[PDB]
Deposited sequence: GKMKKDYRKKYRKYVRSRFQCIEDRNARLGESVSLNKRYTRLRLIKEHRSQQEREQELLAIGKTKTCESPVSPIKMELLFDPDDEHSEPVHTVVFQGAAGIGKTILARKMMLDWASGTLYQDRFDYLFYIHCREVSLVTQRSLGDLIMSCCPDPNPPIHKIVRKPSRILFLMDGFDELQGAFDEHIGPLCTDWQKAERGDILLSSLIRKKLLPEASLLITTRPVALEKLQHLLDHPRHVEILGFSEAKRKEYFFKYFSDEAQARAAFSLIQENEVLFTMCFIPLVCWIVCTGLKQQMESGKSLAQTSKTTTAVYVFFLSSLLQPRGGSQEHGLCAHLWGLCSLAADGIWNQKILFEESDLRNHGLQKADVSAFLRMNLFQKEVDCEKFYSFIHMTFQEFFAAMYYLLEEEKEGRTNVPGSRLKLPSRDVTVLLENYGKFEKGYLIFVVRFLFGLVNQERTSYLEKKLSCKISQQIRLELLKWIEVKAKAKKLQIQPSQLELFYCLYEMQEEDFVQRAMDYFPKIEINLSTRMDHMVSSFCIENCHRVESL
């Protein structure tokens, strides 16, 4: 009762996104499978029982965390679910252990400011609680669909997997609301737990909200208009900027280009090109501690560690001066509430350095065993690890950052990637790992026509489902380089 005031105060301070949230938060396009945030839990014209599970699916960098944090902030300010929820608990999935034994009470108390919250008072009205799980796909380790028995006592300590499974399956606090944000990759794993869910999709920035971000990022009208005009000209950057992460990456590297006397230009055509242009802007140590960065990222992906302690990065070679320089470069970030944890700015950046670990000029560097774990939850699906390998393998594409890569092993990896496409396109009997459209994103990163044309011949018939202008751009490129041997 009185604790709700103390709790909303704590939430309002923690969720001010000072890495302001209201200052740079740009409206995200959400569509049901357009939706008004307050009406998310309201039953449609047809049914009368309110919706308890709502799932937000979004691509990497689309803003699932920014949306979840903006919801925490809005609610704590009395502008969202004021009459609906007494408590909103923020479960940040990357910090959650699926093996450590904890009860639902222990988990709820973790979200509180004080060491002794009134837990029995809080769980008195379970329907007045909204558990908000940000990043389901970021649960480190294997998520088993066969685990049990399910739990019905909020005080019984259970293993993390049994605890979240019982919470998601609506066994623990059955009338409590749930908001799960996930990448569509994990939707396979999640759909089996879900109990009557409302599915919502985060489509990112509109063309209008793209311009808005550029004018919010740059506090000088001349600079904001120059950066937006650059994107309006580049078909790839204009198309890619629907992802708010691409908006930030592009704006940040364009800001560094404005500090120097360089005329605004970005001739990037692939996601690899964008990431290498961004990382090249930071090369003003990044080039000395490259092997350490890539070994940290490969270990974090293969042994499932999103958050690294000071001891972990010290083991990989990154000393106090190196972590303090990478943090300033906006490559690393301080995370896990006020605890001394570190992580790459985005999961895509960890996958970019994991992909680079396999190509570095001299974890297991065998690309065969990496491809064997592709599309599996227990390793993070390896989507950008494989995509960035296609891009970085490109020999008719170099930079100072790419010159430190072994062209001896990138030619062996290039041939192992081509055998992979051949296996995946031919045997279409598999139940999702690289879809045909996903293989097109991989070939788009490759960009070299000898490879793209050789690989496109392995596809017997083009069977794709386009949804975005990105899907059109990528698939259009692949089909252009898909000409029969006898053709014409």
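Colleague: Since the structure holds only modelled residues, which stretches of the deposited sequence does it leave out?
Modeller: Absent from the structure are positions 1-4, 24-33, 48-72, 324-331, 410-424.
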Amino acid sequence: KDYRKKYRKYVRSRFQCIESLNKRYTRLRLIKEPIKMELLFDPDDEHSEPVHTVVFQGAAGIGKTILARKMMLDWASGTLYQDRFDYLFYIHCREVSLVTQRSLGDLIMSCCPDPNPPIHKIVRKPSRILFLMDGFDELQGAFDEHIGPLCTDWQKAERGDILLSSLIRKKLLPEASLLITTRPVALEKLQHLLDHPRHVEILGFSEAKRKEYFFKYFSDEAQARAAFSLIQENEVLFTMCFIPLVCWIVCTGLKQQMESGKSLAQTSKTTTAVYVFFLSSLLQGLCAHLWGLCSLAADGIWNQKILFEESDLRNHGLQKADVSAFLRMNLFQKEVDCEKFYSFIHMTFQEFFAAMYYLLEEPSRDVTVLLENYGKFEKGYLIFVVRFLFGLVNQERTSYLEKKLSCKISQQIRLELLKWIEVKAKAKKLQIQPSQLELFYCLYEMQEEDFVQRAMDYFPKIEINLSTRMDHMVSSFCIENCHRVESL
From here on, numbers count along this sequence of modelled residues.
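Here, rigid core means the biggest group of C-alpha atoms that superpose within 1.5 Å across both forms.
Colleague: Rigid core superposed, root mean square over structures and residues, which stretch has C-alphas farther from this form in 4 other deposited structures of this protein, 22-30 or 447-455?
Modeller: It is 22-30 that deviates more in 4 other deposited structures of this protein.
Colleague: Core-aligned, RMS over all structures and residues: is 271-279 or 399-407 the stretch with the greater C-alpha displacement in 4 other deposited structures of this protein?
Modeller: Most displaced of the pair in 4 other deposited structures of this protein: 399-407.
Colleague: Please check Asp44 against the other PDB entries of this protein that were compared: is it missing in at least a third of those that model both its neighbours?
Modeller: No, none of the compared structures omit it.
Colleague: Is it true that at least a third of the other compared entries have no coordinates for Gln431?
Modeller: Affirmative; at least a third of those entries omit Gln431.
Colleague: Comparing 131-139 with 413-421, which stretch shows the greater average C-alpha B-factor in the deposited entry?
Modeller: According to the PDB entry, the answer is 413-421.
Colleague: Per the entry, where is the mean C-alpha temperature factor higher: 64-72 or 24-32?
Modeller: It is 24-32.
Colleague: Among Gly285, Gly160, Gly105, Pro126, where is the Cα temperature factor highest, going by the PDB entry?
Modeller: Among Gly285, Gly160, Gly105, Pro126, the highest C-alpha B-factor in the entry belongs to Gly285.
Colleague: Can you tell me which of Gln436, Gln453, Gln57, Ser48 has the highest Cα temperature factor in the record?
Modeller: So the option with the highest C-alpha B-factor is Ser48.
Colleague: Ranking the modelled residues of this chain by C-alpha B-factor as given in the entry, is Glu309 in the lowest, middle or highest third?
Modeller: Ranked within chain, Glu309 CA B lands in the highest tercile.
Colleague: Based on the deposited C-alpha B factors for this chain, I'd like to know if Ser476 is in the lowest, middle or highest third.
Modeller: Within its chain, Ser476 is a lowest-third residue by C-alpha B-factor, going by the deposited values.
Colleague: When the modelled residues of the chain are sorted by Cα temperature factor, does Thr152 land in the lowest, middle or highest third?
Modeller: Answer is lowest: the recorded C-alpha B-factor places it there.
Colleague: Relative to the other modelled residues of the same chain, rank the CA B-factor of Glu201 and answer lowest, middle or highest third.
Modeller: Bottom third by C-alpha B-factor.
Colleague: When the modelled residues of the chain are sorted by Cα temperature factor, does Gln447 land in the lowest, middle or highest third?
Modeller: Middle third - that is where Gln447 ends up once the chain's C-alpha B-factors are sorted.
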